[PDB]
Amino acid sequence: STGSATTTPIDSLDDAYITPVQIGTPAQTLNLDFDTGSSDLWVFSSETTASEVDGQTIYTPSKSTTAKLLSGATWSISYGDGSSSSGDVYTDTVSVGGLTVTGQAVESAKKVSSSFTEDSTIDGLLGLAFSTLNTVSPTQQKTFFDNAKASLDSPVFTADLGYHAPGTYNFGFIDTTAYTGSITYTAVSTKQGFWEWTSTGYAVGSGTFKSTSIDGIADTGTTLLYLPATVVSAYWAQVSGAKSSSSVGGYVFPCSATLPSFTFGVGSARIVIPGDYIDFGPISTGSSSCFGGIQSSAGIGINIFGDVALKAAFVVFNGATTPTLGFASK
Ligand SMILES: O[C@H]1[C@H](NCc2cnc3ccccc3c2)[C@H]2CO[C@H](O2)[C@@H]1N1CCOCC1
Ligand SMILES: O[C@H]1[C@H](NCc2cnc3ccccc3c2)[C@H]2CO[C@H](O2)[C@@H]1N1CCOCC1
């Protein structure tokens, strides 16, 4: 089997991407944030505190003839931005782009934090990291991909995120028309439950490539590119007037500045992020100071190849017995 769905930026800055997902019988379609950095499928629901729902589409398990309450099961998650959510658990039928899993754990939110409430376009998350990170207690649950994997034509999914444009998540096959050149595969460590890999180095603009090992995660659920302080300082030094602002919480730059590209290494291959992918616009409406899309990972403790990086590539999440990651230019 295979599945294919379109993923859409939530706003003009590509702050996140949403993908439609069918849950239950009859189907209830929710727009979920596919997140390769976490492993819970959770949704706004009929059980979510009313004051914490503001425009989202909700899952109502009582209207799904295939929903079954998972007795005594609960979940609770926190993310790197201080946001959180929690609730109870159902199993139900979930479909993505024609690919159907029966008995998928659907984590119904009783509570969500303010950032979630404030984003009306995101109805929940669909985790695609390793199932070892799933938070359901007292019995941990499997991701949509883990549940689907044995039925897929090939045990893979791909992320093709657009810059200010539509994109695609495919399950079970590699669309060889979606990229240029070859896909370079690189080793993955699952020891932290992430799609964790080691980049071979970087360049800034037309500068010389610096060979250096950068361990980080391929994370579709993180907006920006988080890299070591040394690397980030080297990037922003090439932007006139850029500075790190404690008040704003990272590097900012004059909105009229020309941003250089940023290149990262995948083995001997190179993925080039165009400069404009790094522009996250005015820090507040009407300001001529703009937020940067490459930021230090010093505070977070791990390097993150988020959407800024991934949308410059066609990315293969290969869930073979020994998982690997593939990157191609496009
Ligand atoms: O247009 C190309 C697409 N470009 C990015 C993309 C991704 N996702 C998108 C989703 C919706 C609308 C548009 C989308 C566009 C990707 C995905 O498929 C192929 O490469 C496709 N053709 C390549 C040439 O022969 C085959 C067709
Ligand atoms: O990008 C962040 C994610 N939120 C994306 C998001 C969603 N919606 C948004 C809507 C508007 C403007 C911006 C938005 C940003 C979540 C999941 O993990 C973290 O928090 C992640 N990083 C936080 C900073 O360092 C750690 C990694």
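Residues numbered from 1 in each chain as written, not as in the entry; some residues may be left out. Chains lettered and ligands numbered in written order. Heavy atoms only, no water.

S.K.: How would you summarise the site of ligand 1 if you had to cite specific residues and measurements?
M.R.: As a matter of local geometry, ligand 1 sits amid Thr6, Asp160, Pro166, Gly167, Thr168, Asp175, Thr177 and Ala178. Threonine 177 is positioned such that a nitrogen or oxygen atom in its backbone is 3.5 Å from an oxygen atom of ligand 1. By residue class, the composition of the shell around ligand 1 is 2 nonpolar, 4 polar and 2 charged. Three or more residues apiece are contributed to the shell around ligand 1 by two domains, here domain 1 (5-174) and domain 2 (175-330). (Near = heavy atom within 4 Å. Polar contact = N/O pair within 3.5 Å; in protein donor to acceptor, adjacent residues only side chain to side chain. Nonpolar A, V, L, I, M, F, W, Y, C, P; charged D, E, K, R; others polar. Domains from an automatic or database assignment.)

S.K.: Tell me about the UniProt feature "disulfide bond" in the chain, and name the residues and values.
M.R.: Measuring from sulfur to sulfur, the annotated disulfide partners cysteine 255 and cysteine 290 are 2.0 Å apart, close enough to count as bonded by the 2.5 Å criterion. Here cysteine 255, found in the loop between β16 (250-254) and β17 (262-266), pairs with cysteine 290, found in strand β20 (residues 289-292); they are 35 residues apart in sequence, far enough to count as distant. The exposure class of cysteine 290 is buried, given its relative accessible area of 3%. (Disulfide = S-S within 2.5 Å. UniProt positions renumbered as here; feature names shortened; annotations may be inferred. Helix = DSSP H or I, 4+ residues; strand = E, 2+ residues; numbered from the N terminus. Buried < 20%, exposed > 50% of the residue type's maximum accessible area, 1.4 Å probe, protein only.)

S.K.: How would you summarise the UniProt feature "active site" in the chain if you had to cite specific residues and measurements?
M.R.: In the numbering used here, UniProt assigns the feature "active site" to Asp35 and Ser199. Considering the arrangement of structural elements, one finds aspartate 35 in strand β3 (residues 28-35). Classification of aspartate 35 by relative accessible area gives buried; the value is 4%. Among residues more than four places away in sequence, those in contact with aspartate 35 are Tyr79, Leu125, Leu126, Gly127, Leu128, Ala129, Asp219, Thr220 and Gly221. (Contact = heavy atoms within 4.5 Å.)

S.K.: Account for the domain arrangement of the chain, with residues named and values stated.
M.R.: Under the domain assignment, the chain is made up of domain 1 (5-174) and domain 2 (175-330). Placing a centre on the C-alpha atoms of domain 1 and another on those of domain 2 gives a separation of 25 Å. Opposite the 31 residues of domain 1 that make contact, domain 2 presents 34 residues. Of the roughly 2,500 Å² buried between domain 1 and domain 2, counting both surfaces, carbon and sulfur atoms make up 57%. When the buried surface of domain 1 facing domain 2 is broken down by residue, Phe130, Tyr163 and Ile174 rank first, second and third, together holding 28% of it. The salt bridge involving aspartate 14 is made with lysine 311; its shortest N-O contact spans 2.7 Å. One can count 17 residue pairs in polar contact joining domain 1 with domain 2. Among the elements of the structure, β3, β9 (156-160) and β10 (167-171) are those that each provide at least two residues to the side of domain 1 that touches domain 2. Per-element tally for the side of domain 1 that touches domain 2: the top contributor is β9, with 5 residues. Class assignment for the residues of the side of domain 1 that touches domain 2 results in 18 nonpolar, 7 polar and 6 charged. (Buried area = accessible area lost by both parts, 1.4 Å probe. Salt bridge = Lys/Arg side-chain N within 4 Å of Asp/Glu carboxyl O.)

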